[PDB]
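Read through the structure below, which is laid out as C-alpha cells, and then see the notes.
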Ligand SMILES: NC(=O)c1ccc[n+]([C@@H]2O[C@H](COP(=O)([O-])OP(=O)(O)OC[C@H]3O[C@@H](n4cnc5c(N)ncnc54)[C@H](OP(=O)(O)O)[C@@H]3O)[C@@H](O)[C@H]2O)c1
Ligand SMILES: NC(=O)c1ccc[n+]([C@@H]2O[C@H](COP(=O)([O-])OP(=O)(O)OC[C@H]3O[C@@H](n4cnc5c(N)ncnc54)[C@H](OP(=O)(O)O)[C@@H]3O)[C@@H](O)[C@H]2O)c1
Ligand SMILES: NC(=O)c1ccc[n+]([C@@H]2O[C@H](COP(=O)([O-])OP(=O)(O)OC[C@H]3O[C@@H](n4cnc5c(N)ncnc54)[C@H](OP(=O)(O)O)[C@@H]3O)[C@@H](O)[C@H]2O)c1
Ligand SMILES: NC(=O)c1ccc[n+]([C@@H]2O[C@H](COP(=O)([O-])OP(=O)(O)OC[C@H]3O[C@@H](n4cnc5c(N)ncnc54)[C@H](OP(=O)(O)O)[C@@H]3O)[C@@H](O)[C@H]2O)c1
Ligand SMILES: [K+]
Ligand SMILES: [K+]
Ligand SMILES: [K+]
Ligand SMILES: [K+]
Ligand SMILES: [Zn+2]
Ligand SMILES: [Zn+2]
Ligand SMILES: [Zn+2]
Ligand SMILES: [Zn+2]
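Chains as they are written, first to last, in the deposited numbering: chain A, 1 to 352; chain D, 1 to 352; chain C, 1 to 352; chain B, 1 to 352.
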C-alpha cells in the first residue's frame with residue numbers, strides 16, 4: 001500500500017506497494033504506535049549502509065496482531081504485542097554462538113528498514129512471530145511501550161556490555177534517548193556514581209531522573225579533564241558510548257581506569273577509522289576492554305524489558321516529549337529527527 | 001580494657017583483657033556503633049566454630065581510628081571508618097585466585113569473633129588497615145553504616161552470585177536482614193519480579209520497601225507449590241538462599257528453572273548434608289548452578305557499598321529496628337538476637 | 001521397520017514400528033554406526049526418567065541421510081552425517097536463554113531414547129536437520145566419529161563447566177568413556193595436573209593416553225585422603241564428576257579447594273537426594289560452585305568437535321574396545337553395557 | 001656489584017652499584033639464567049617508556065635466593081626460583097579489582113627495567129618474595145624456565161583474553177617468541193584450527209611445533225585476503241595480536257567474525273593512534289571485542305605455568321635459539337636482540 005520510504009539516496013517520500021504476506025511462521029502486525037530513529041537519518045542522508053530503492057523506513061513499533069501463519073502457536077489475531085527492532089533469523093550458526101544480532105551476517109538481526117520493509121505502513125511483516133513478538137500488558141501505555149523495541153534495549157545493552165560491578169563509577173558519553181536508557185541501565189546494574197556527558201537541557205533533566213549523579217557540560221572544558229577531576233584522577237570503572245563522533249572513542253579510553261571497560265552502542269556513520277590512543281590504552285596493555293554491539297532483539301529480550309516496565313523498575317515515558325496522531329504525522333515526527341530541536345528527546349506517533 | 005566475650009559454649013559476659021597493640025600495618029579502632037549477628041549466637045550457644053575462651057564477640061562495627069602502625073598510609077588517629085566483617089590477609093595464594101574470603105584457609109577472611117577478638121570491646125585490632133578499612137562520610141549516619149560491614153555485603157553477594165540478567169525473576173528464600181539486602185541487591189542487578197519468602201510482618205514490610213513484588217508465606221503451604229503457581233509453572237531465573245534449614249536447598253533447586261542459579265549466603269549451622277534433589281536437579285544435568293559464598297570484605301568492597309548508600313541507591317537504615325546506647329547495652333542487644341521477637345530485624349548499639 | 005526398544009521398566013526387545021516421515025525441516029537418517037550408552041541402562045532397568053512404552057533405544061549414531069523435508073537446505077539424501085545425541089527444538093524461549101539442552105523443558109533437548117524413538121532402528125527421525133546435523137569428513141572413521149555425538153561432547157562439557165584456568169589441577173572422578181573425554185577436555189582447557197580416579201586397567205590405560213598424570217584407585221583406599229596427599233593438602237582447583245553413586249558428590253566437594261568448581265556430567269540414576277556435605281562446603285560459604293549440565297548438541301557443537309578430531313587435537317578411537325557388525329549385534333552391544341566386563345570402554349556396531 | 005644498564009637514550013654499558021638490601025618482605029636473588037627482550041631494545045633506542053638514567057636492564061630471570069627479609073616465610077637462601085617479569089605490590093586497590101598488572105598505576109606491576117634496576121646484574125631485588133617468587137623444580141632446565149617469566153605468561157595471556165571456545169578457529173598475528181607462546185596458548189584452550197601469520201623460517205618451524213595448522217606468509221598476498229580465503233569467508237573466532245605496527249589492529253578486526261574477540265598482547269612502541277576500521281567493526285556494533293593486557297605476574301601465575309612445563313603440556317625450549325655463558329655475554333645477547341638475525345627467536349645467557 002502506502003508507506004513512508006526512501007526514494008533514493010538523500011530523498012524520501014510516500015510510495016505505492018503491495019500488502020505483505022505472512023509465511024507459515026510469520027505474522028502481519030498493524031502498528032498502534034511508532035517512533036523514528038536517528039539511524040534512519042544516517043541511512044538516508046549519509047548512505048552509511050549503501051544504496052536502497054523504495055524501502056519503507058522505521059523499526060520501532062508497538063502493534064496488534066491481525067494475521068498469523070498456520071504454525072504460529074503463541075499469537076493470534078487481536079493480541080497486543082511489542083515488536084523488537086531486531087527480528088533475527090533464529091536458525092543459523094551465529095544463533096548457536098550466542099549472537100542473534102548477527103544471525104546470517106554482520107548486523108543481520110536488524111531487518112526493518114535495512115534489508116526489509118520497515119514499520120511505517122498500515123501493516124508490516126514480522127518473521128518468526130513466536131520468537132520475535134512479546135505480549136503487551138494493558139498496564140503499559142503505548143508511548144512507554146514503544147521505547148522498548150530499540151531505545152531501551154540498546155541503552156540497557158550498553159550497560160550490560162560495560163560489566164558494571166556493584167557500586168562502580170560509570171560515565172555515559174552522550175545523553176540522547178539511547179544514552180538516557182544507558183544511564184537507567186547502569187542504575188539497574190547497581191552503579192553508584194553515574195556521570196552523564198551532555199548539553200541539551202531537556203536531556204540533562206531526564207538524565208538526573210534516570211539516575212545521573214553528575215552532569216558534565218562541554219561548556220566547562222574538555223570532557224577528559226572534567227571527569228578526571230570529578231574522580232580525583234581515578235577515572236571511571238566503565239564508560240558507555242551512546243553518541244558523538246569518532247573522537248569520542250579516544251575520550252572513552254582516556255577516562256576509563258586500567259582494567260575497565262568501554263561499551264559502545266553508538267552507530268558511527270562517518271570516518272574510516274575509530275581512533276584508539278596508544279599511550280592512554282597502555283600501549284596495548286592497559287586491560288581496557290572495548291566492546292561494541294548491536295541491540296539484542298527477539299521475544300525474550302522484549303519480555304524481560306516489559307517486566308522491568310511492568311514492575312516499575314524503569315519508566316521510559318520521560319523519553320517521550322512529543323506525541324502525534326496521523327499517518328501524515330509520521331512524516332512530521334521524522335522531520336523532527338532530521339533537524340533536532342533543543343526540546344525534543346523522542347517523538348511518538350499514535351496510529352489507532 | 002573491657003570486652004563482651006564468649007566465656008565458654010553457652011556462656012557470655014564482660015571480661016578484662018589487654019588493649020591490643022597494632023603491628024606496623026595494623027590499626028587500633030574504638031567502636032562508635034556496633035551490631036550483633038546471628039552467627040555469634042551460633043558460635044556461643046551451638047558451638048558452630050568450636051569452643052572459645054574469653055574471645056570478644058562481634059564483627060559489625062563502625063569506629064574511630066585511635067592508633068596506626070608505622071606503615072599505615074591512608075588512615076590516621078581520629079578517622080571515622082567502616083570496618084568490614086571480613087578483614088583477610090591480603091598476601092596469600094587465595095587472594096591471587098580472587099577469593100580473599102578464603103585467604104589462608106576456608107572462611108579465613110572472617111577473623112573477628114572467630115580466630116580474633118571481635119569488636120564488642122573498648123578497642124579492637126584491624127589487620128592491614130590500608131586494605132581493610134574505608135573512610136566513613138559524614139553524610140551517612142551510624143545506624144545505617146553499621147549495616148554495611150556484614151548485612152549489605154552478604155545480601156548483595158547473594159545477588160552477585162545469582163548471575164541475574166536484566167528483567168529476570170528472582171526468589172529470595174528468607175527475609176532476615178541478609179535476605180532483605182538480597183532483595184535490594186536483586187533490584188540493584190536489574191531484576192524485574194522479586195519474590196520474597198518470609199512470614200514476620202516487620203520483615204515482609206521491609207522486603208516490599210527494598211523491591212519485593214510478591215510475598216510468599218510458608219504458613220500458607222509449601223513454598224515450591226506457591227512459587228510455581230506465581231510463575232505459571234515457569235519457575236524463577238535465580239533463587240537466593242538467605243535463611244532456613246538444610247531443606248531450603250531442595251526448595252531452591254525445585255523453584256529454579258533449568259539453566260538458572262541457586263546462590264546461597266545462608267550460614268547452615270546444623271545438619272550433616274545439604275540435600276540436592278536428584279530428579280529436580282535434572283538427575284545431575286539441569287544446568288542448575290549452586291553457589292555458596294562468604295561475604296566479601298576489604299576496603300574496596302566497603303568503599304563501593306558506601307558509594308551505593310552515599311548516592312542513595314539503597315538505604316539500609318530500614319534494617320535497624322532497635323537502637324540502644326552505651327557498652328552495657330551490647331549484652332542487651334546480643335541476647336535480643338538469641339530470643340528473636342517478631343518485631344526485631346537488626347539491633348544497633350550507639351557508643352557515644 | 002525394526003527397532004531395539006524399551007518395552008517397559010526392566011524389559012527390552014526388538015519391536016516393529018512405522019518408518020518415520022520427515023517434516024518440512026526434518027530428515028530421515030539410516031544409521032551407519034551406533035553405540036549403546038550407560039544412560040539407556042539407567043533408563044530401562046533403574047527407571048531414572050520414568051516408565052516408557054516401546055521407545056526404541058540409542059542416541060549415539062553416525063548415519064546416512066535418506067530423506068529430507070522440502071525446507072532442508074544443507075543436507076541431501078546420501079550425505080554422511082554425525083547426529084548429536086541432543087537434537088533440540090531451536091525455536092523456544094530456553095534457546096534464547098542460552099540453554100538449548102533444556103529447550104522446551106528440563107532435558108528436553110535430549111530426544112532420542114527419552115521422548116522420541118532412538119537410533120537403534122532401520123531409520124530414525126532428526127528434527128531441524130540444518131540445525132541438528134553435521135557433515136562427516138571422510139578423514140574420520142565411523143568408529144571414531146560415533147564417539148562425538150555423546151561421549152566427546154559430554155566429557156568436554158564437564159571440562160567447560162569446570163572453569164579451568166591455565167595450569168590448574170583438575171580431578172576427574174570416574175574414567176568411563178565420559179570421564180576419559182573429561183580428561184581429554186581438561187587437557188584441552190590447559191590443565192596441568194590431571195588426577196584420574198578409576199580402577200579398571202583398560203580405563204586407566206586410556207586415561208594416561210588422554211592426559212592423566214596421576215591415577216587414584218578407589219578400591220585402593222579413600223579417594224579424599226589419596227587426592228589430598230597428592231596435592232599436599234591443597235586440593236584440586238576443579239573436580240569433574242563422570243561416574244559413581246550419590247556419595248561421589250560429597251567426595252568432589254571435599255577435594256576441591258575453596259573457590260573451586262565441581263562440574264557434574266554424571267547421570268545419577270538412583271537415590272532421592274545428592275548429598276552436599278555441610279562442613280566441607282564451608283557451611284554454605286566456601287565458594288565451591290556446583291554445576292551439573294546435560295551435554296550440548298546441535299550442528300555447531302558437532303562441527304567444532306569434528307574440527308578437534310580433524311586437526312588432531314583429540315583421537316576418540318581409543319574409547320572403542322569392541323566393534324561388531326550387524327543389526328542383531330545391537331542387542332549384544334547393549335547387553336555388554338548392562339553387564340560391564342572389565343575390558344569394556346565403549347562398543348560400536350557397524351551397519352555398513 | 002656489576003650490572004648491564006641503560007646509561008641514556010641510545011647508550012648502554014656496564015656500571016657498578018651497591019648490592020641492594022631487602023626489606024622485611026623482600027628477597028635478593030642472584031641470576032642463574034637471564035634473557036633479553038625486545039621491550040628493552042625499544043626502551044633504550046626508541047625511548048618507548050621515556051628517558052631513563054643508569055637503569056640496569058632485563059626482566060626475565062631464573063635465579064637463586066641469597067638473602068630474605070625477616071618476614072619472608074616461603075623462601076630461604078639457596079632456593080632456585082622463577083622470577084616473574086611483573087612483580088607488583090600486592091597491597092593496592094587495583095589488586096582488589098583483580099588487575100595486579102596495574103597495581104599502583106597503569107602497567108605499574110612491571111618494575112624490572114622500568115622503575116627498578118633489572119635482572120642484568122650480579123644481584124637484583126625482588127619485592128614481596130612470598131607473593132612474587134615461585135620455586136623452580138630441578139626437572140626444568142634453565143633455558144626453558146627463563147621463558148616462563150615473560151614470553152610464556154604474555155603469549156598465554158593473549159590466548160586467555162581471546163575467549164577461545166573448544167574447537168574454535170584462532171589466528172595469531174605475529175610469531176615472535178610471544179606469538180609462538182600465543183599459538184601454544186591457543187592449543188591449550190582447545191583451539192582447533194590455528195592460523196599463524198609470519199615469514200621467518202625459524203619462526204614458522206616453531207609455530208608448527210606449537211600447534212599451528214596453517215601459516216600465512218605476506219609474500220603470497222595481503223593477510224586479510226589470505227585468511228578470509230582459508231576460512232571460506234567465515235573469518236576466525238578469535239585473533240591474537242602478538243606483533244606488528246599499529247596497522248595490524250585493522251587487520252585483526254577485518255578477519256574476526258562478528259561476536260569474536262581481538263586479544264592484543266603486542267607492545268606498540270610508536271604511533272599516536274591504533275586504528276579500528278569503522279565498517280569492519282560493524283560501525284561500532286559488530287560485537288568484536290578488543291582486549292589488550294600486560295602479562296600476568298606473581299607467584300601463582302608462575303607456579304601454574306611451571307606446572308604446564310612440568311607435566312609436559314608445553315615445551316618452551318624451542319624458543320631458545322642462542323645460548324651464551326657468563327655475565328659478559330649479556331651485552332652480546334642484548335645486541336643480538338637489536339639487530340635480529342633471521343635464525344634468532346630468543347637468546348639465553350647461562351650464569352653461575
Ligand atoms: N547500537 C544500536 O542498536 C542503536 C540503536 C539506536 C540508535 N543507535 C545510534 O547510536 C547513537 C545513539 O544516539 P541517540 O539515539 O541517543 O540520539 P543522539 O542525539 O544522536 O545522541 C548523541 C549524544 O551524544 C552528544 N554528542 C554529540 N557529539 C558529541 C561529542 N564530540 N562528544 C560527546 N557527546 C557528543 C550529543 O550532545 P547534544 O545533542 O546535546 O548536543 C547527544 O547527547 C545514534 O547515532 C543512533 O542512530 C544505535
Ligand atoms: N555468608 C555470610 O558471610 C553471612 C553473613 C552474615 C550472616 N550470615 C548468616 O545467613 C543467615 C541470614 O540470616 P539473617 O542474618 O538475615 O537473620 P534471620 O532472621 O535468621 O533470617 C532467617 C530468614 O529465613 C526465614 N525462614 C526460616 N525458616 C524458613 C522456612 N522453612 N522457609 C522459608 N523461610 C524460612 C525466616 O522467616 P521468618 O523469620 O520471617 O519467619 C527469615 O526470613 C544467618 O544464618 C546468618 O548467620 C551469613
Ligand atoms: N550429561 C550427559 O548428557 C551424559 C551423556 C552421556 C552419559 N552420561 C552419563 O555420565 C555417566 C558417565 O558414565 P560412562 O558413560 O562414562 O560409563 P561408566 O563405566 O558407567 O562410568 C563409571 C565411572 O565411574 C567409576 N566409579 C564407580 N564407582 C565409583 C566411585 N565410588 N568412586 C569413583 N568412581 C567410581 C567407575 O570406575 P570403574 O568402572 O573402573 O570401577 C567408572 O570409571 C553415566 O551415568 C552416563 O549415563 C551423561
Ligand atoms: N604484554 C607484555 O607483557 C609483553 C611481554 C613481552 C613482550 N611484549 C611485546 O610484544 C611484542 C611481541 O614481540 P616478540 O617479543 O615475540 O619478538 P618479535 O620478533 O618482535 O615479534 C614480531 C613478530 O611479528 C612479525 N611481524 C612484523 N611485522 C608484522 C606485521 N605487519 N604483521 C604480522 N606480523 C609481523 C614478525 O615477523 P617479521 O619481522 O620477520 O616479518 C615477527 O614474527 C613485542 O613488541 C614485545 O615488546 C609484550
Ligand atoms: K577489562
Ligand atoms: K546455570
Ligand atoms: K567458585
Ligand atoms: K564479543
Ligand atoms: Zn533506531
Ligand atoms: Zn555476621
Ligand atoms: Zn548417552
Ligand atoms: Zn619482555
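The beta carbon of each residue, even a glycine, is placed where N, CA and C say it ideally should be.
With 16 other Cβ atoms within 10 Å as the buried cut-off, status of residue i
i: residue 218(B); result: exposed
i: residue 299(B); result: buried
i: residue 428(B); result: Coverage of chain B is limited to positions 1 through 352, which leaves residue 428(B) absent and any answer about it impossible.
i: residue 201(A); result: exposed
i: residue 84(A); result: buried
i: residue 125(A); result: buried
i: residue 221(C); result: exposed
i: residue 335(A); result: exposed
Any non-hydrogen atom of ligand 6 within 7 Å of residue i CB
i: residue 158(D); result: no
Cβ-heavy atom distance, residue i to ligand 7, below 7 Å
i: residue 102(D); result: no
Contact test: residue i Cβ vs ligand 8 heavy atom, cutoff 7 Å
i: residue 287(B); result: yes
i: residue 231(B); result: no
Residue i CB to nearest heavy atom of ligand 11 below 7 Å
i: residue 283(B); result: no
i: residue 39(A); result: no
Residue i: CB within 7 Å of a non-hydrogen atom of ligand 12
i: residue 60(B); result: yes
i: residue 33(B); result: no
Residue i Cβ short of 7 Å to ligand 10 heavy atom set
i: residue 247(A); result: no
i: residue 117(D); result: no
heavy atom of ligand 5 below 7 Å from residue i C-beta
i: residue 259(A); result: yes
Presumed contact (8 Å Cβ cut-off) between residue i and residue j, rounded CB distance
i: residue 353(D); j: residue 239(D); result: Chain D is shown only over 1 to 352; residue 353(D) falls outside these bounds and no answer can be derived.
i: residue 81(B); j: residue 142(B); result: Rounded, the Cβ-Cβ distance is 12 Å, inconsistent with contact.
Legend entry - Contact list for the segment 230-246 of chain A against chain D, Cβ threshold 7 Å: none
Inset, instruction - Taking only beta carbons into account, state which residues of the segment 170-194 of chain A come closer than 8 Å to chain B, listed in chain order. - result: none
Legend entry - Residues of the segment 271-283 of chain D whose Cβ lies closer than 7 Å to any Cβ of chain C, in chain order: 271, 272, 273, 274, 275, 276, 277, 278, 281, 282, 283
Inset, instruction - Report the residues of the segment 121-132 of chain C with a CB closer than 9 Å to any CB of chain A, ordered along the chain. - result: 128, 130, 131
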